[PDB]
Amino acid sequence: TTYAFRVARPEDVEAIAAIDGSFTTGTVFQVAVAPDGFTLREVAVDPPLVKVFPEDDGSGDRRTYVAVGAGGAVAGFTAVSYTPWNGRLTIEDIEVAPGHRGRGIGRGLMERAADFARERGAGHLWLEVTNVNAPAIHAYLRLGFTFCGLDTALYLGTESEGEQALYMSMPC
């Protein structure tokens, strides 16, 4: 019980904001576009890519969960979003604080997302991940997500141009 999980309250919103999800990676997922399909291959990059997410990301059925340590600091969060149309719970964000990884916070937050999904009658969880976010992709694969598609054009004209939006899902 190193970490407790609960619905986020107003005092958590400011702590959530500071966990921006910025990462370093020695690998990226390269997207190869053919006329008849798309291939993902993990490739080493030297020196390591430093990715800071932009301040402008282009943005009852909503919910934010938070992982809290003994001193009351937010160690992680997930913001989820339900669309009844296709029974999709979108994992809009999931982050673990830099110094709190390898302690089952990721799994715990996703388990709370899954609880909300079954509460709303969702058929699948779904998330967007940039092809350069190899650490997150490995984390999502570990938690049972698989690639369900991509949009190689989504980040065109954005601060993230050169990257591809990869889509992952899992049933519940």
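Note that residue numbering begins at 1 and tracks the sequence as displayed.
Remark: stretch with higher mean C-alpha B factor among 8 to 16 and 160 to 168 is 8 to 16. Just going by the entry, 32 to 40 versus 128 to 136 on mean CA temperature factor gives the higher value to 32 to 40. For the set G144, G26, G121, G106, the PDB entry assigns the largest Cα B-factor to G121. Among all modelled residues in its chain, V45 ranks in the middle third by Cα B-factor.
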